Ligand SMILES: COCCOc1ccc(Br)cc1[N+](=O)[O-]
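One chain follows as structure tokens, the form deposited without the ligand.
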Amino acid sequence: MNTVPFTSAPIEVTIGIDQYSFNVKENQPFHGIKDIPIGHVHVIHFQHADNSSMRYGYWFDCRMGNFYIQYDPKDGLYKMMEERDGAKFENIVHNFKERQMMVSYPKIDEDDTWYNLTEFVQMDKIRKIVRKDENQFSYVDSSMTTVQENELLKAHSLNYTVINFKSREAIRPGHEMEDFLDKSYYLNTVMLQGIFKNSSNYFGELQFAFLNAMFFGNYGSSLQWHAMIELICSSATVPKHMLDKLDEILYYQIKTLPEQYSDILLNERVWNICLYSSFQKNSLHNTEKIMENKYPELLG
């Protein structure tokens, strides 16, 4: 299907669906979101009126089942659920009067923003990162730490591939100076060939990390997104089309960020290195341009 119904909206909440956002008044007859473009992952996210620091939400793919949202009194949270296929369900969810109480997913923008933010993101990879369980959708919130964050402090965590520059996995014995300065071995042998297998899987996790940082204020995800960028930029040897694609991917991401700088969304230190010092800095034409236009404060 392409509708995500809500049982009701008993409490005031700001609802995000992908990059769009609307407010639902307490007990306003609201019964969900209709006309969702099938065949991209999607994310629905929530922020309550009384809670500013806490965002929470669900990544899902409408091709994998029928999902709906139900408010849980115990928890005071909106929860995603799966509903088994059925004629009766279809008939209530597609009823004209019911659909009049739903908000329509906005007609696609000519920049094709969502597709460009999620081109490489795949629901099955998302489930491997977030939690392998009985649900086909994945819960994320502002507080979830990453496996990496969990180790820096020496199952409810974000299992991103750990990208550790100071680690011995980054340095070949006998190449201590070379691999410290040039991350090509780490990027190509360890990460691309060993772990991700290809650049699409690498970009998928980079895109997912970015979206979590942005929609949930998840710092661990911001950390991951920056690390994945810096790993490419600080490698003297990068597969040909990978560099060109990265500039385009980053451009859309920077474009979608809020106008107000936030140090949990953009890392000034890393961005200054990538844009102005890194080996691949010249490959980031479009990204550099929008970064300077949008956030001159951070850059000089």
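Shifts are known only where both forms have a C-alpha. Each residue number is its position in the shown sequence, starting from 1. Between two forms, the rigid core is the largest collection of C-alphas that superpose within 1.5 Å.
One more form of this protein exists, namely the form deposited with the ligand bound; it is left out here, but the text below deals with it.
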property: Exercise: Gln70 in contact with the ligand in the deposited bound form, heavy atom 4.5 Å; result: yes
property: Partner contact for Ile92 in the deposited bound form: the ligand, 4.5 angstroms, heavy atom; result: yes
property: Exercise: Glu83 in contact with the ligand in the deposited bound form, heavy atom 4.5 Å; result: yes
property: Stretch 1-39: residues contacting the ligand in the deposited bound form, 4.5 Å heavy atom cut-off; result: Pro5, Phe6, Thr7
property: Conformational change between the shown form and the other one, one of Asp141, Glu98, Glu119, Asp179, C-alpha moving 2 Å or more after core fit; result: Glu98
property: Threshold 2 Å Cα movement between the shown form and the other one at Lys74, rigid core reference; result: no
property: Rigid core superposed: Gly86 CA moves 2 Å or more between the shown form and the other one; result: yes
property: Per-residue C-alpha change between the shown form and the other one, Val162, threshold 2 Å, rigid core fit; result: no
property: Pairwise C-alpha change, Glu98 versus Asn27, in the deposited bound form against this form - closer or farther, 3 angstroms or more; result: farther
property: Sense of the change in Cα distance from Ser262 to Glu259 in the deposited bound form - at least 3 Å versus the shown form; result: closer
property: Regions of at least 3 residues displaced between the shown form and the other one by 2 angstroms or more (CA, core superposed); result: 85-89, 95-99, 107-109, 261-264
